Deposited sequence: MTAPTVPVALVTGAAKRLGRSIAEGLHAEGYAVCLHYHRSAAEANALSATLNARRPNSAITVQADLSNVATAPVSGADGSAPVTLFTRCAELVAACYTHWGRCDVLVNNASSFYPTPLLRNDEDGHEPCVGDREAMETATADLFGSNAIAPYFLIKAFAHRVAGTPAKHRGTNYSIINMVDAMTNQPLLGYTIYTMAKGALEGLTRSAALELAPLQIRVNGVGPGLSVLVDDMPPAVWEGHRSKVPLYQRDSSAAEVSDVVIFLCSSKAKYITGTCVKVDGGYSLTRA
């Protein structure tokens, strides 16, 4: 049986490493993207070249805003992403909420305030919520006899948000929401044997903070994070749910 994985923000960096890892384990992969169409399609071509019909791409803005066709709501856009997996491959075994907007929202010195709120909160928390709902309904709507045997949802959190980055309040809040989503979803979806966990990087693939990481005194590679993600998706991890794993080289253990 060939399992399917949906990965948001799959075009590059961690998202792309995650998709590659899942693909190397035999997953067919639905690569979501927002703006990185060229990289997304280039990745699909690589994956489909290795193994025919093992990759597709879907575009979507996951910000908590209406888009033009009545207006399309973020929920609808999310349901469509999950539906694209069932339409093409007839299944969706794994969901990885990786897409994430990250920029300052200082408390100390309108259009910007409102789009920032919906963008940061949508991508990091609200989209993943609706995505999980859509994913869950599909599974519930599948007759028990026909369900997969290893449903796994991974939320990309942040190992460092408890030690807030000065000026990033909304981003930090959204990640805090995502942690709550992880726990609440693990509990409510446990009956459908759908596991929900979180993976929190510290510093990965930076574009003198490296030297602060206790382990290796450097940021991590994408693989050093994606391997963790892949492991949590494996049947060997089927008893793990509702937990967040830090992948930070001990950075969260430090103090100023």
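Novice: Where are the holes in the model when you compare it to the deposited sequence?
Specialist: Several stretches lack coordinates - namely 1 to 4, 74 to 80, 121 to 132, 231 to 239, in sequence order.
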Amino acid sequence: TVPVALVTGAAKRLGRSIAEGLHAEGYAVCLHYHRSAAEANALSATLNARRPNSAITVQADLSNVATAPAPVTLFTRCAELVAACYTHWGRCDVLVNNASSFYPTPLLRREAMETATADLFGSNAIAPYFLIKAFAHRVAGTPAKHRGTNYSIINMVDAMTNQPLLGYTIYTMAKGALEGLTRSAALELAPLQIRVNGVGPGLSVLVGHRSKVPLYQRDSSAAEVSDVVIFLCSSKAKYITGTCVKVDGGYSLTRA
From here on, numbers count along this sequence of modelled residues.
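Novice: Which wins on mean Cα temperature factor, 85 to 93 or 180 to 188?
Specialist: Result: 85 to 93.
Novice: According to the deposited model, is the average Cα temperature factor higher in 146 to 154 or in 166 to 174?
Specialist: Mean B over CA atoms: larger for 146 to 154.
Novice: Among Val205, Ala55, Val228, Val196, which residue carries the highest C-alpha B-factor recorded in the PDB entry?
Specialist: The record points to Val205.
Novice: So if I compare the CA B-factors in the entry for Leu120, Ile126, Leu107, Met160, which one is the largest?
Specialist: Out of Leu120, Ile126, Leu107, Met160, the record gives the largest C-alpha B-factor to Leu107.
Novice: How does the C-alpha B factor of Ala40 compare with the rest of the chain: lowest, middle or highest third?
Specialist: Ranked within chain, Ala40 CA B lands in the highest tercile.
Novice: Check where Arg50 lands among this chain's C-alpha B-factors and tell me if it's the lowest, middle or highest third.
Specialist: Tercile = highest for this residue's CA B-factor.
Novice: When the modelled residues of the chain are sorted by Cα temperature factor, does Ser101 land in the lowest, middle or highest third?
Specialist: Answer is middle: the recorded C-alpha B-factor places it there.
Novice: With respect to C-alpha B-factor, does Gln217 fall in the lowest, middle or highest third of the chain as deposited?
Specialist: Middle third, going by the recorded CA B-factors of the chain.
Novice: Can you tell me whether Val2 has a C-alpha B-factor in the lowest, middle or highest third compared with the other modelled residues of the same chain?
Specialist: Within its chain, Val2 is a highest-third residue by C-alpha B-factor, going by the deposited values.
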